[PDB]
């Protein structure tokens, strides 16, 4: 189309992803890329007829959940300050009662520390936290091969994530 060739959907829930894809198709979108830390969401994107995926191999998505938005924001803000100081690239978005934080470009020991602070911050502010991805490099290599067997044509990875993973492979 006139504005581009590919639309990028960041998918945090299978149902929300399928609804978003259908809305874009009705507006006349032809190619939709799906980004997720959740391997099951990317497999569902392929099943729906997509073939462009954005993976997160070395990083993770932290999801804070709670009815008080100001408490989600206080938890998220501490994660953001720490992650940026460690040199990570962050993607944030509000989705109902959920605040999603996609973190890339930090080594395994730093990812482990951030995942621990997420649990601590959730207890402090009286909210729940979910962590998606964070796998070792062998799990990533296995899940990418599975996406390819299921008919992925183009798999994209954040450069900072790819550089962390290459250093870890060596």
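Positions refer to the first chain, counted from 1.
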query: Do the CA atoms of 120 to 128 or those of 54 to 62 have the higher mean B-factor in the entry?
result: 120 to 128
query: Which wins on mean Cα temperature factor, 35 to 43 or 107 to 115?
result: 107 to 115
query: Going by what the PDB entry lists, where does residue 101 fall on CA B-factor within its chain: lowest, middle or highest third?
result: lowest
message: Considering every modelled residue of the chain and its Cα B-factor in the PDB entry, is residue 149 in the lowest, middle or highest third?
response: middle
- prompt: If you rank the chain by CA B-factor, which third does residue 15 end up in: lowest, middle or highest?
  reply: highest
- prompt: Against its chain's modelled residues, does residue 79's Cα B factor rank lowest, middle or highest third?
  reply: middle
- request: Can you work out whether the C-alpha temperature factor of residue 71 puts it in the lowest, middle or highest third of the chain?
  value: highest
